[PDB]
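A short worksheet on the structure shown next.
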Amino acid sequence: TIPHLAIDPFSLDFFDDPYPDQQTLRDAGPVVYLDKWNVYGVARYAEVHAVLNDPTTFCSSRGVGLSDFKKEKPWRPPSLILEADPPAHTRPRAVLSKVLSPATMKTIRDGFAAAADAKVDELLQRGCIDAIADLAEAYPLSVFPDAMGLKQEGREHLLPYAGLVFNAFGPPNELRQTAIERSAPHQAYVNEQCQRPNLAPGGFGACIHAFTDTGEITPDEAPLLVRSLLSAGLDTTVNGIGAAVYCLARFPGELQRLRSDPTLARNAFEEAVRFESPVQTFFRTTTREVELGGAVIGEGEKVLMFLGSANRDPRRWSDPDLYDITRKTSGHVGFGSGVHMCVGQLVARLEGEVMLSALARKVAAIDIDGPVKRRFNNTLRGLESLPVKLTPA
Ligand code: HEM
Ligand SMILES: O=C(O)c1ccc(CCl)cc1
Ligand SMILES: [Cl-]
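This is the structure we're talking about:
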């Protein structure tokens with residue numbers, strides 16, 4: 017028998033402090049039923065990992081938000097990668113893998129690192145800054161749109177579009193309905209930038225279009241694949257870098273360890289991804305009756321995976337509520353797991369690494385010096401404002 021809970025994981029109260037409710041979800045059983053939204057939930061590491069790694073049973077082509085594409089129209093044409101199952105998923109995924117490949121990181125690393133150092137130097141001249149607007153947002157905005165090959169005009173639509181995408185995975189609450197109400201201009205801008213003539217040579221977008229002659233994707237698939245990078249590629253890194261800075265601000269002992277060995281920068285960022293889990297949740301839809309954690313789930317049911325809870329499950333992690341930059345982080349699910357595991361993770365890690373390297377080399381202290389304000393989104397966890405004073409090294 018499955019426990020029924022009234023917790024709303026998409027309520028502002030939950031977003032404001034999810035950790036007690038996440039423990040309640042884990043401790044109630046391996047599988048729960050959320051009466052508020054008529055979905056199954058899994059919050060322990062073991063079940064989240066199992067669901068992610070059985071894409072045949074727990075599919076993505078019926079949507080990875082609450083909405084079931086077999087019942088309702090998607091709010092935008094489905095993603096060819098996120099909202100596809102194998103085998104249709106496989107070739108688009110291979111293209112994005114090569115576009116965002118280990119070999120590709122070599123071409124952009126020097127520029128990304130220089131921009132990170134420059135940003136930290138600029139911020140140190142001001143001393144008192146907002147680590148969200150002035151750092152977590154400003155740094156990705158200074159590198160990623162250019163790496164995509166976007167023109168300058170209209171970039172102000174990118175963060176609003178991403179906020180809309182991530183709110184739209186949620187249930188039809190006020191956050192989602194308001195986002196969709198305001199979406200038209202952001203949708204129009206993003207769709208237009210996905211066309212081949214609008215993407216500058218050598219950038220990620222042009223490279224996607226260049227793959228349309230190998231037989232992996234056709235020309236009419238390239239715009240939606242560019243759309244995937246313009247959906248997932250910016251706001252995630254904003255909240256990842258914001259999480260890392262928030263962690264270093266709250267845990268000065270870890271900033272001190274990072275300063276003493278800047279080569280810990282990449283793992284410090286990975287640990288921030290585990291600790292905050294910027295992408296909190298995704299859904300799957302069952303394609304058959306299935307037994308999961310001793311429970312029987314029928315066909316066509318939505319299953320909500322709590323990635324952030326899995327990343328704090330004491331059944332899997334020692335001292336899960338501690339930020340530890342030398343933790344063995346391998347196996348966290350902050351980037352997912354299995355066939356859909358974040359195809360952009362090398363870009364995310366590159367940005368996080370070079371930013372934390374710049375802080376490690378240039379900053380002696382990060383002190384919160386103003387009211388912290390949280391940003392509410394149905395899928396993303398992060399801050400609206402993080403006033404800090406940076407002391408130079
Ligand atoms: C800290 C930053 C990031 C986090 C926490 C994150 C998180 C995730 C997660 C959890 C998934 C799995 C979705 C699922 O299983 O349904 C995913 C997939 C994906 N991510 Fe990331 N992401 C980040 C950065 C990026 C970046 C920078 C890009 C592109 C430049 C990107 C592009 C994608 C794409 C295209 C997919 C779909 C892959 C597929 O379905 O095969 N992400 N991401
Ligand atoms: O294909 C997309 O549009 C897409 C992919 C991944 C994510 C989660 Cl980072 C969001 C949107
Ligand atoms: Cl769109």
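Going letter by letter, the sequence shown gives residues 17 to 409 in the deposited numbering.
For each residue, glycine too, the CB sits at the ideal point set by N, CA and C.
- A195 is a Cβ neighbour of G179, given a cutoff of 8 Å.
- Residue side-chain check: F227 keeps its Cβ at 7 Å or more from all non-hydrogen atoms of ligand 1.
- Across the set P387, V159, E292, the C-alpha of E292 shows the shortest separation from the C-alpha of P34.
- Sequence-distant Cβ neighbours of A284 in its own chain, meaning closer than 6 Å and more than five residues away, are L274, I341, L372.
- In this chain, the beta strand (DSSP E) harbouring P403 covers 403-408.
- Burial state of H202 is buried, judged by a 10 Å Cβ sphere holding 16 or more other Cβ atoms.
- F30 sits in a helix when the DSSP states are folded into three classes.
- Beta-carbon to beta-carbon, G360 and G249 are separated by about 6 Å, close enough to satisfy the 8 Å threshold.
- Restricted to the segment 38-103, the beta strand (DSSP E) segments that are unbroken, complete and at least 3 residues in length are 48-50, 55-58, listed in chain order.
- Annotated three-state conformation of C223 is helix, per DSSP.
- If you draw a 10 Å sphere on the C-beta of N327, you find 16 or more other C-beta atoms in it, and that means buried.
- Beta-bridge partners assigned by DSSP to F322: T297.
- Excluding residues up to 5 positions away in sequence, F30, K52 lie with their Cβ nearer than 7 Å to the Cβ of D24 in the same chain.
- Residue pairing by DSSP places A119 opposite no residue, since no beta bridge is assigned to it.
- With contacts defined as CB atoms closer than 8 Å, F185 and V111 fail to qualify as a contacting pair.
- Look at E232 here: in three-state DSSP terms it is coil, with no helix or strand label.
- Membership of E307 in the beta strand (DSSP E) is indicated by the continuous run 306-308.
- Judged by beta-carbon spacing, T302 lies within the 8 Å limit of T73, meaning their Cβ atoms are closer than that value.
- For ligand 3, the residues with a Cβ under 5 Å from any of its heavy atoms are, in chain order, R92, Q203.
- Your pair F299 and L280 does not check out as a contact, with CB atoms roughly 34 Å apart and the cut at 8 Å.
- Note on geometry: alpha-carbon atoms of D337 and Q211 lie some 44 Å from one another.
- In the structure shown, the three-state DSSP call for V359 is coil.
- Assignment of beta-bridge partners to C144 by DSSP yields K405.
- Ligand 1 has a heavy atom closer than 7 Å to the beta-carbon of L68.
- Between the beta-carbon of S247 and that of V181 there is about 5 Å, and that keeps the pair under the 8 Å contact cut.
- Its chain contains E305 as the residues whose beta carbon lies nearer than 7 Å to that of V312, once the 5 sequence neighbours on both sides are disregarded; these appear in chain order.
- Closest by C-alpha distance to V370, out of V379, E286, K378, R282, is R282.
- Here the alpha carbons of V67 and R60 stand approximately 11 Å from one another.
- Scanning its chain for C-beta atoms nearer than 8 Å, with the 5 sequence neighbours on each side dropped, one finds around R198 the residues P176, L180, in chain order.
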